[PDB]
Structures are given as C-alpha cells and as structure tokens.
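Here the protein sequences come in this chain order: FE, FF, FB, FC, IO, IN, FQ, FP, FR and FS.
Each residue of the first sequence is one higher than the one before, starting from 455 at the first, in PDB author numbering.
Each residue of the second sequence is one higher than the one before, starting from 455 at the first, in PDB author numbering.
Each residue of the third sequence is one higher than the one before, starting from 505 at the first, in PDB author numbering.
Going left to right, the fourth sequence walks through residues 52 to 67, 72 to 101 as PDB author numbering numbers them.
Each residue of the fifth sequence is one higher than the one before, starting from 242 at the first, in PDB author numbering.
Each residue of the sixth sequence is one higher than the one before, starting from 242 at the first, in PDB author numbering.
Going left to right, the seventh sequence walks through residues 1 to 96, 107 to 236 as PDB author numbering numbers them.
Going left to right, the eighth sequence walks through residues 1 to 96, 107 to 236 as PDB author numbering numbers them.
Going left to right, the ninth sequence walks through residues 1 to 96, 107 to 236 as PDB author numbering numbers them.
Going left to right, the tenth sequence walks through residues 1 to 99, 107 to 236 as PDB author numbering numbers them.
Here is the structure we will look at, set down as structure tokens.
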Amino acid sequence: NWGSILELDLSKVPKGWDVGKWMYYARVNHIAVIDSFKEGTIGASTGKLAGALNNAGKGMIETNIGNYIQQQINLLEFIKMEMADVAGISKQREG
Amino acid sequence: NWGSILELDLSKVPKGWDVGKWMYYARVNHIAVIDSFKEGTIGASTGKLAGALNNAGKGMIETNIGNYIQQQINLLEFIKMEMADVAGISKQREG
Amino acid sequence: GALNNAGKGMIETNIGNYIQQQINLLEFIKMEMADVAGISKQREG
Amino acid sequence: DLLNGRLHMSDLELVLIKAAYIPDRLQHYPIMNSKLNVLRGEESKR
Amino acid sequence: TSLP
Amino acid sequence: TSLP
Amino acid sequence: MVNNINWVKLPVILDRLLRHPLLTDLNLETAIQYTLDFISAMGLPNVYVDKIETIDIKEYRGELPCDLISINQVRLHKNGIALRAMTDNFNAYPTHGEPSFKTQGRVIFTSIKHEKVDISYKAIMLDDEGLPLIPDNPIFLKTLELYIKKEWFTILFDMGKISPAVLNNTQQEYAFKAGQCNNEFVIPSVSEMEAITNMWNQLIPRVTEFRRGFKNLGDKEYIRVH
Amino acid sequence: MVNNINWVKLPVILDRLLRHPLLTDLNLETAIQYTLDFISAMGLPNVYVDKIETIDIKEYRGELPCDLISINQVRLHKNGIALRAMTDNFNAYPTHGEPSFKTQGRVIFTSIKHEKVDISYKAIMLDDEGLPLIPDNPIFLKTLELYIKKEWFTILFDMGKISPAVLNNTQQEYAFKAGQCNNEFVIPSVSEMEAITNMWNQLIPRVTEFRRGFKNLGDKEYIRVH
Amino acid sequence: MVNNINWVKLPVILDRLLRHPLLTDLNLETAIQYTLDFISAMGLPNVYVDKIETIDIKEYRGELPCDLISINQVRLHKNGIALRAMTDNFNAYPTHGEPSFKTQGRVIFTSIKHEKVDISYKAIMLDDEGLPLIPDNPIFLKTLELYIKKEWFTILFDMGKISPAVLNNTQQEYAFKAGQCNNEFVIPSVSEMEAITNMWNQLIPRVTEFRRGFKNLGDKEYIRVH
Amino acid sequence: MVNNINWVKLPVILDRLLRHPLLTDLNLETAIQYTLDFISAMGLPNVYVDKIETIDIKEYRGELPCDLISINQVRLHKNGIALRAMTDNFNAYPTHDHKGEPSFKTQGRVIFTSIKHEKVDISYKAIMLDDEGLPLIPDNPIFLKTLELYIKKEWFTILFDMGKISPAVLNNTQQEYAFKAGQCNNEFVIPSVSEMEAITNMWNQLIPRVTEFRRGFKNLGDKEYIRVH
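Okay, here's the thing in structure tokens:
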C-alpha cells in the first residue's frame, strides 16, 4: 500500500525554468506559475491537435488497497471474538 | 478475496525511462511524471485513432467479494442467536 | 439573447472562510499555550 | 537545553544555522516540560 | 478527415 | 479545417 | 533531459530540408533567422551554455557581458549572498537593505554602490564561425526542419502556391513535434529526479535555497535516529 | 522576465518582413507607426525605460518631463513619502493631510503648494536618431512581424487582393504569438520569483509598501527563535 | 521487453520498403537518416547498448566518451557514491555537500576537483561499417517501414503526387503501429516483473536506491519470524 | 488455449489467398515476411516452441542460442534458484576498493549476468521450423483466416496507394481483418478447462503464495490444501 500517485505532465512549466526550481517555488508558494501559450500548445490552441492536450485534469494512479486493509481488520475482530466465545472467555471476562 | 486490481497502461511513461525506476520514483514522490506528447500517442492527438487512447482514465478489476463476506458474517450471527434460543441458554445467560 | 436574461451577478469574495480559519487557529494556540503552563480551562474556572 | 527551551539544529538533522531566525532555524515548543513537572510536583506532595 |  |  | 546535447553546425538542417524539393531555395542566411526564432520560441534552458563572469559595479550600475541572454543569478563576490530583484522604484535616488538587481540592456542596476558581483548567465554556443550551434538530437532537428518548412509554406500559401491541405498538414505535423521536442528537453532524467526527490521529501523543509546558489536544492535531508 | 532586453534598431523588423514578397512595399515610415501601435497595445513593462527625475511644484502644479509615458510613483523629495492619486474634486479651489497627485498632459496637479517631488516614470529607449529602439528577443520580433503583416494583409483583404483564408491564417498565426509574447515578458524569472515568494510568505503581513517606493516588497520576513 | 533484440542491418528495412512500387527511389542514405529520426522520436531504451567507462576529472571537468548519447548514472570510483545532478549556478566559481554532475557536450562538469568517476551510459549499436544496427523485431521493423513511408508520402503530398486519402491511411497505420511498437519495448517481462514485485511490495520502504547503482531495486525484502 | 496447435507448412496460406484473383501475384517470398510480421504483431505465446538450454557464463557473460526469441526464465544449474533481472547500472564494474542476489540481462546474442563463473539454464521460445528452414504455422482456421486477411490487408494497402483499389474495398478489408484479429487474440489466449484449474488453485489461497518466481513457476497452479481441525 503506497499512496495516491499523481500523473503530472510538465508541458506547461514556463520558458527558461528548470523543473526543480519551478517545483521548489511550487511547494513554498502553493502557487505554480504556468504558461498555456507555450510552443508545445500550438496544436490544441490553433486546433490542429486534440483539445484534450489542454484540459481534463491530471489522472491518478490510485488503487484501493485501503479498502482491502479495512476488510482484513474487520475479520480479525470477528475471529478474535469467535475464539473468545468458544472458550467462554469474553472481553468482560478479561477486564 | 484479493483486492481491487488497477489496470495500468504504460504508454505515457517518458522516453528512455525504465518502468522499474519510473514506478519507484512514483512511490517516493507521489508524482508520476508522464509524457503526453510521446510518439506512441500520435493517434488520438492527431485524429487518426480513437480519442479513448489518450483519455477516459484507468480500469479496475474489482469483484465485490467483501459484500459477500458480510452476508456470511451476518448469517452466522443469526444462527448462533437461533441456537441460543432453542437451548434456552441466551447470551446474557452465557455472560 | 443574454441581454434580457442571465440574472444579476454577485461580487462575492469568500472572506467568511478566511475569518473562520483564523478563529480556529487562535483557539488552537490559546489551548496550546494553556497546556504549556499546565493551566487548563478547567483550572481557571 | 530541551527543557530550558533551546533547540540544537544539529541534533535532529544533518546540517548542510548560527543566526536565530525561523526562516532558517526552528521554533521549539515546550511540550515535554509539562509532563516532567507533574512528576516533580507529585514527589514533593508525597 | 478526422473522428475515426 | 480543425477539430481532430 | 534523459539524453545529452551533442552539437552540430547549422547546415545539418539543410541536409534535411532540401530533401523536399519545394524548399530548395533556402540558404544559410535563411536558416540562421528561422532557427534563432525557433530556439527562442521553444525556450529550452538545455540548449544555452552556462557561463559565470565577475563584473564590477561602479555606482549602482554595472557592465554586462556581450554574449548574455538570460541571467540565472547575481551574487556578491565577497559574501555569496545572492541578489533578489529590484522592486524599488527609486534605486540610487536620494532624498534630502537586502541587495537587489535590475538589468535592462547592457546595464545591471544594483542597490550596492561599489562592489564586485558574480553573474551566472546563459549564452549561445557558437562555431568556428560566429554562428549558432544546434543539438544533433533528431527530435530537435525534425522539428527545426518542420519549423522552417512551416514558415516557408506560409509564404507560399499567402502567395497562393500551396493548397490549404498541404499547409494544414505541415501546421499539424509541426504542432505535434513542437510538444515532443518540448517534452524531450524538459522531462527529468534518472539523475535529475534525485534533485527533485531529495527536495520534495523533506521533514524540516528548506525554504532558503536562493541565498545559496541553489546549491543545496537536491541535497538529501537526513534525520538522526534516537 | 527571464531574458535580458538586448536592443536592436527598427530596420531589423524589415529584414524579416521584406522576406515576404507581398510585404515588399513597406517602409520604415509605416513600421515606425506600426511598432508604436504594437509597443503600446502589448503594454509590456520590460520594454519601457525606467527614469527618475526631480521636478519642482510651483502652486499645486509642476512641469512634467517631455518623454513621460507612465508614472510609476511620485514621492516627496524631502520626506520621501509617496503621493497617492487624488480623489479630490476641489483640489486647489479655496473656500470662503495625506498628499496626492494627478496628471493629464504635460501637467502634474499636486495637493501641496511649494515643494519638490521625485517622479519615477517610464520612457522609450531611443537611438542616435530620434527613433524607437526595440528588443532583440525573437518572440517579440516574430509577433511584431506578424502584427505588421496582419495590418498590411487587412488592407489587402479590404481591397479584394487577398483570399479569405490567407487573412484567416495570419490572424490565427499572430493571435498565438501575441499571447505568447505576453508570456515572455510577464512570467517572473528565478530571481523575480524570490521577490514574490518573500512577499507572498509573510507571517506578520506588510500592507504599507506604497509609502516606501516598494523597496521592502521582496524582503524576506525573518522571525526570531524562542 | 518480453522479446530479445536480435540485431540486423539497415538494408533489411529496404527489402520491406521497395516492395512498394511508389517507394522505389529510397536509398540506404535516406534509410540512415529516417532510422535516426525514428530511434530518437520513439526513444525506446532497449535499442541502446549499455556501456560503462571511467574518465578522469581534471579540474571540476572531464571529457566524455565519443559514442555517448545518454548517461544513466555517474558514480565515484573510490567510494561508489552516485552523483545526483548539479542544481548549483556557481559550481567552479569561488568567492573572495553531496556531489553532483552536469553534462552538456563532450564535457561533464562535476563538483569534485581531481577525481575519477565511472560513467554508465548508452550508445548506438554500430556494425562492421559505421552504420546503426536495428532490431529484427517485426513490430519495430514494420513501423520503421511506415515512418519512412509516411515521411516520403508527406513529400509527395506537398508536391501533389498522392491522394489526400492515401497519406491519411498511412498516417493512420503508423499512429497505431507507433503506439504498438512503443508498448512492445516498454511492457515488462516475467523476469522484470519480479524486479517490480520486490520493489513495490515492501513493508520497510527502501527509498535510497540511487546511492547504489540501482542495484538492490529488485531485491526481495525478507522479514524474520518472531 | 483450448485447441491443440497442429503445424502446417506455409503453402497452406497460398491455397486461400490465390482463391482471390486480385492476390495471385503473391509468392512464398512475400508470404514468408507477412507471416513473420503477423506472428510477432499477434504475439500469441502458444505459437512458439518451448526450449531449455544450459549455457556457461565466462566472466559475467554468456553466449546465447541462435534460434532464441524471448526468455521465459533463467535459473542456476547447481541450485535451481531462478534469476530475476538486472536493475544495476554498474554490474561487473569494480570500484577501487576492488569490491547478493543473482540477476541477468539480455540484449543480443549475449546474456549479462551478475554471477561470474556458473552454468545457467535458459527456458526460451523459438520459431518452429520445417524440413526447410521456413516457419511452421498453426492449423487453426481462425489463425489461417486472419492471416489470410492480414496479407490481403497489406497487399491491398499497396494497391490503394497506387490507385488500383477503390477506398471501400480497403475499408472493408481493414474492417474484416480488425474483427478476426481480435477473435484470433481471444482464441489463443482464453484458458482451457484444464488450464482454468491451474488458475483456480492460484487465485483461491487462504495463505497466499508470493514466491513462485523463485521456483520455475512450477507450483503456480498447485492446490493449497488445508488441514481440518
């Protein structure tokens, strides 16, 4: 179980900016200056390429392993309770 | 019961990047740098192929085996409540 | 056709959230400074 | 110095400072003093 | 032509 | 033309 | 950048262009302008060469080198403290702080009177002749071939010597390779991601990398064990 | 802006335009007008030359410099405190405070009678001749070339001498490079972004930067450790 | 990659192309360049031969091998620590940490003065002649045939020698086979999915593989029984 | 795969193609290339033959067999321990200290291992050949119909660029190939009744097995029995 993974495309970091120093100022400001009129964006602007090269948001590589973890936990609390009942030793029997 | 399975298409992993090291740096950063202008993605971008090759997100092999488990858990509770009534040895009489 | 229609616009800035975000931050520090001296709210009443 | 409110920035990280300003140094928060002062407040009252 |  |  | 920037002269782009017989009237004079318009339009900081030169400031003013295009940083030669930007409207001008800079032409306007400063700037790499020197990278060459083709076919389409379907293909064939050459030169390598990985993952965040020459930016942040 | 402004003369733009055989009746005289129409309509602050001059006020009025285009600020000369603009409808008019200014033509109208002010203003860089001196930046040069081409093709479309698809493509090719030329001269450098980061990150906010000449705007805000 | 890269020569692509009676005027000379456009546009990392080579850093600088294209890593010779990336702007320049590198041309700028470093890089696999060697994989060979077909049919379409539905079918057949060939060379095999299965499945995370040569990236993480 | 893969020679595919009077100038030479372009594009692993060969590593290097196409697994000859993949950028290159897990790497006719002097067993895949040195194709008439249509699709594309076939004839051939090239993919992939028992044992496991790659994937489909208490 690793976290939620962001698919980030760097097609709009502005000209003359390194990817590191752009992201370093993106942490500390919570504001990323971008450039939607870059030369790589001449297709979806002028209309020669698909318009999804400018939009639809950043995808997530996201699997639901947290729901699988929570399912196994709800079974351990079930079987530790069933082993308790068979012996006749409940939780108030232990406290 | 295994978890949900995320179907991953690796056509946007950048040029010259190994898929072992791309995923490793995606565990770390939670930011997976992708290449939307790869030569493999000239199909939907130019309009010679279907647009579902550059959009629509990822698919899941999810089977609701967890809803089936909770039905079996709630059926054992009902029978153990029934047999405790037949014997006349209830739960507050066992406790 | 929008000149007979489209309703009246709002010049609305959400400073209801900004004023509420401060009050939740002052009450976190006035609580945090209470725990540092060991003088709780129950201790002053 | 943890109990006397001083932070040594070389103790909790590899240093890559000597000027007391939070854009480079770090504010210390005395959350351990209140735990110790219950036990020295009870030893006297025992 | 497009939209294939 | 446009719209691919 | 995953690859490296190996240099070739300008006329390698004319080996490639004059395979198309509707472009066989191009020169070295025509390739010089349409590449310098191109190299500037992509704005890739990997194509420019990094130089550092110590200049001296006379009185809130200094002389800037001749090959400069874009300054990375200016720092003080004695301290190492970098200079931020001149937001002052009234720099040297007395009535009756943190050091700063502002560069308009060949002049750098600083807020320090008489000092020496180091200027890390970016220049164009040149030939035996005084002509620009392009990467050999066959994505850069394929889209510089398509840029001079697009600007030549535009002149023909305005003259009425090229159908709309021929220019619309070249406008589209360029528009894809213009994003690919952007992404070829920008996406980090397996070595430049470690400048990003050690910077993104920080428990005590570092927020003063501009005072250094962005030196400790991708340094790993180690925590002691206790 | 990332790139420095290297200045080159106005006949640089006619090296580029007269490459096109339909734009071969352009002079410097049309390009003197069509560049001032482009320098103005872009409004880029990195194109104008920042100058500072001390003028004196006679009775709520002062003579303004001859090359002024935009006033940045006007501060008092003795105090240094800056003058806000005037909201007053009845400034120098008598009946039977925080000082302010106002300008229409070659006049500045102040709220004070007999003083000296400094004016931080903007002008155009000129030549040995009396002509505008434009940037060398090949994105500014390429959309200035597409501007004069679009304004010459409009006349040729109104005359019936140019097809509708040729003006439509030039209006599209320019409108990309006009939005691109905006982003060249506006987007802050690595050095100008530290002046914003030190302004955007303020625990105790600074809201009186206009009394100074925006001098402390990009200063890093230091807090003491306790 | 599931399959193996069995190398074949460049005339293999013209057994396949000259089957077409419209492409009968393609040469080995034109197959050489249109191969090099195709290796770089695709950018698949299996086609490059992986070489390792030691250089000697003279004064923050060393030469680079003549057949370099792309550096995987650079590490120190005596210690073994990999050099991350140069984020500094003022590396070799003194005034009055973790090591790093930056390679532009045939020179590598390191942050260490006098040392040796091992460079693991990538080259083009050559032949008995000095010509690039291509894989015989018929997904690669078919779409390399279609790239040379598409760039030739583009040339004919601008001259007016090809129907607009003929280039449209060839652009369509390439756009599928270019994305199919991409996925052929980048999908992991059963032997390389274990190196991802052992990397992904970690109770105690290993986040410092770059200090090694990415050597233990595929190592299974074993946890003792207590 | 449900069916058995019976082998037939290449002139079976020219019984079917030259039934079309437009494809009569097809040859064995033209059919050899278009079969190999097809077999590789479809990539069905039941078309290749499974071979096992022991080679000897000299100095982190071994000489690889000639007929190889793809390696399933490499193992060690003495232990049986399988090798995974080389993620190292610096494999046999020593530091000047002159200084863990076996792994391998394969580029051409050479294998690059992390072991110095040892014999390794390579389970690979080849093309099945004839008496002649020609490929030997499956007998399944879904495979033979979609190979007929593929050769018909690339030949008709050449006629359409020349201008000797109407656009509705190529557009129909590209359509009829497109269905049968999916139906051939579903036929050669979908597991048998015998092969779904090997997935029923892998998928259903109370105690998960996550180290089948250390073995030769031998117990991937073995039943996980549980004692009754």
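Beta carbons are placed, not taken as given, at the ideal position from N, Cα and C, and that holds for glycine.
- Contact check for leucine 94 (chain FC) and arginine 234 (chain FQ): beta-carbon distance about 27 Å, past the 8 Å limit, so the pair fails to qualify.
- Beta-bridge annotation (DSSP): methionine 514 (chain FE) is paired with FE:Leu460.
- In chain order, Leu83, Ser121, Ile122 place their CB closer than 6 Å to the CB of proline 109 (chain FS), counting only its own chain and leaving out the 5 sequence neighbours on each side.
- Judged by their CB atoms, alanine 175 (chain FP) and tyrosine 48 (chain FP) are not nearer to each other than the 8 Å cut-off.
- Under DSSP, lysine 51 (chain FP) shares a beta bridge with FP:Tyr131.
- In the structure shown, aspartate 25 (chain FS) adopts coil according to DSSP, grouped into three states.
- By the 16-neighbour rule on beta-carbons within 10 angstroms, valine 2 (chain FQ) is buried.
- Contacts with chain FC at 8 Å (Cβ-Cβ) include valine 235 (chain FP).
- For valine 12 (chain FP), there is no enclosing beta strand (DSSP E); the residue is part of the alpha helix (DSSP H) that begins and ends at 12-17.
- When rounded, the separation of the alpha-carbon atoms in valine 487 (chain FF) and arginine 547 (chain FE) is 56 Å.
- The beta carbons of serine 458 (chain FF) and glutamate 516 (chain FF) sit about 4 Å from each other, so the pair counts as a contact at 8 Å.
- In its chain, beyond the 5 residues on either side, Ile206 have a beta carbon closer than 7 Å to the beta carbon of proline 198 (chain FR).
- Annotation: the continuous beta strand (DSSP E) that includes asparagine 72 (chain FP) extends over 70-76.
- Within 7 Å of the CB of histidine 96 (chain FS), the CB atoms of chain FR belong to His77, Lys78, in sequence order along the chain.
- Taking a C-beta cut-off of 7 Å against chain FE, the contacting residues of the region 56-88 of chain FQ are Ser70, listed in chain order.
- Nearest to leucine 22 (chain FP) by alpha-carbon distance, out of FQ:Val196, FQ:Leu227, FQ:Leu166, FQ:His236, is FQ:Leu166.
- For the 8 Å CB-CB criterion, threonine 87 (chain FQ) and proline 78 (chain FC) do not form a contact.
- Taking a contact as a CB-CB distance under 8 Å, the pair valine 200 (chain FQ) and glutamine 73 (chain FR) counts as one, their CB atoms being some 7 Å apart.
- Using a Cβ-Cβ cut-off of 8 Å, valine 176 (chain FQ) does not count as an interface residue toward chain FE, since no Cβ of chain FE sits closer than that to its own.
- Around the Cβ of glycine 170 (chain FP), a 10 Å sphere holds fewer than 16 other Cβ atoms; the residue is exposed.
- Under a criterion of Cβ atoms nearer than 7 Å, no residue of chain FB is adjacent to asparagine 55 (chain FC); the nearest Cβ is some 14 Å distant.
- Put simply, the CB of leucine 503 (chain FE) is near chain FF, with a gap under 8 Å to one of its CB atoms.
- Per DSSP, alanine 205 (chain FQ) is one residue of the alpha helix (DSSP H) stretching across 203-210.
- With a cutoff of 8 Å on beta-carbon distance, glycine 107 (chain FR) and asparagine 211 (chain FQ) are scored as not near each other.
- Along the region 185-200 of chain FQ, the positions whose C-beta sits under 9 Å from a C-beta of chain FE are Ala185, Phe186, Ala188, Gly189, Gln190, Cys191, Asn192, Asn193, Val196, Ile197, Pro198, read in chain order.
- DSSP places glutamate 108 (chain FR) in the coil class of the three-state scheme, outside both helix and strand.
- When 8 Å is used as the limit between beta carbons, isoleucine 77 (chain FC) is near these residues of chain FP: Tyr232, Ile233, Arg234, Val235, in chain order.
- For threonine 113 (chain FR), the C-beta contacts it makes with chain FQ under 7 Å involve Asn4, in order along the chain.
- If you ignore the 5 residues before and after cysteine 191 (chain FR), its C-beta comes within less than 6 Å of the C-beta of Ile149, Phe150, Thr153, all in its own chain and listed in chain order.
- Leaving aside the five residues that flank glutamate 155 (chain FP) on each side, the residues in its chain whose CB is nearer than 8 Å to its CB run, in chain order, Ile13, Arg16, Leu17.
- Chain-ordered, the chain FF residues with CB closer than 7 Å to the CB of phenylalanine 224 (chain FR) read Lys475.
- Any Cβ of chain FR closer than 8 Å to the Cβ of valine 487 (chain FF) would place that residue at the interface, and such an atom is absent.
- Straight-line spacing of the CA atoms in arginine 57 (chain FC) and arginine 222 (chain FR) works out to 37 Å.
- With respect to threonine 35 (chain FS), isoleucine 144 (chain FS) sits close: the two C-beta atoms are nearer than 8 Å.
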